[PDB]
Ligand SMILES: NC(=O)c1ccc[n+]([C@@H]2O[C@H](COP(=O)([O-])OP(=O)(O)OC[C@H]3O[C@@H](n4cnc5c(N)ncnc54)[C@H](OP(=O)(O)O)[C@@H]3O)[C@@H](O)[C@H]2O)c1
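Just one chain is shown here, as structure tokens, and it is the form deposited without the ligand.
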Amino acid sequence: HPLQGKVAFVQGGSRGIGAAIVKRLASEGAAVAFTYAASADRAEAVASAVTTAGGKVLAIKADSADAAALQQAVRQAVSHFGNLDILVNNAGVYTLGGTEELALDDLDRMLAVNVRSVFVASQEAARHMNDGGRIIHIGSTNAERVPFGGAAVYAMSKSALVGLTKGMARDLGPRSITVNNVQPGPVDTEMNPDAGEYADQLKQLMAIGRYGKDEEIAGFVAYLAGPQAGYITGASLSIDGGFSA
């Protein structure tokens, strides 16, 4: 239980990758607060998974487009569990549109979920974080490799995380808080499933030939959140099957 006694906050913990992160951090001993945007039933089920197995959980409904909500959610977590040790930012909107076609609203949307709320959650978490803590952003391999049209704003929003990570690492390093950007490739989720033609075409660009699993992302995040990873900071860390080789 490498995270016994620790308190983690997961922005977007109710489904896919975020649910697996919640469950792995709890399995390792952390008490976990997480936000969900949509489904109370889904969040209830993730919470139960933490509890049936002996872990402590708080689910918080919050819209990641609303900065006030995110700040309120962090404060509510800290009232529930005490100061944070770990923040994982996993809100994320993957929408395609060409440069000449994308609507001004889908843009301003990926900006608010994928960039602005990552900063806002990080700032409020840092204000309530123990020294020796961990902040992990979930970016994308499209920060490094954009093989097709339609991903310009999505890739912009994820490469934003590279400079955020570097500069936050400098800010928070004197507190011994690490800041890292985990860059996944394709991962099998219910809205991006490993199925169909587009999945086959993506697999052809990967050295591994398969989609990643939610639990593999969660295993990397849990390593970075743990006691062996205090020297890892400022980094953009690819876990992408070789997509970006």
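In case it trips you up, residue 1 is the first one in the sequence shown, and so on.
Keep in mind that the form solved in complex with the ligand is missing from the display, and what follows is about it.
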Check your understanding: Pick from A68, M191, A195, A53: which residue has any heavy atom within 4.5 angstroms of the ligand in the bound PDB entry?
Key -> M191
Exercise for review: Identify, from the list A62, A26, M206, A218, the residue with a heavy atom within 4.5 Å of the ligand in the bound PDB entry.
Suggested key: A62
Review point. Does any heavy atom of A199 come within 4.5 Å of a heavy atom of the ligand in the bound PDB entry?
Key: no
Practice item. Report yes if any heavy atom of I138 sits within 4.5 Å of a heavy atom of the ligand in the bound PDB entry; otherwise report no. Key: yes
Exercise for review: With heavy atoms only and a cut-off of 4.5 Å, decide whether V93 touches the ligand in the bound PDB entry.
Suggested key: yes
Review point. Can you check whether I17 is within 4.5 Å of the ligand in the bound PDB entry, heavy atom basis?
Key: yes
Point to revise | in the bound PDB entry, segment of 72-80, 167-175, 85-93, 119-127 with a heavy atom within 4.5 Å of the ligand | key: 85-93
Exercise for review: Scan 110-130 and note down the residues that get a heavy atom within 4.5 Å of the ligand in the bound PDB entry; none is a fine answer too.
Suggested key: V113
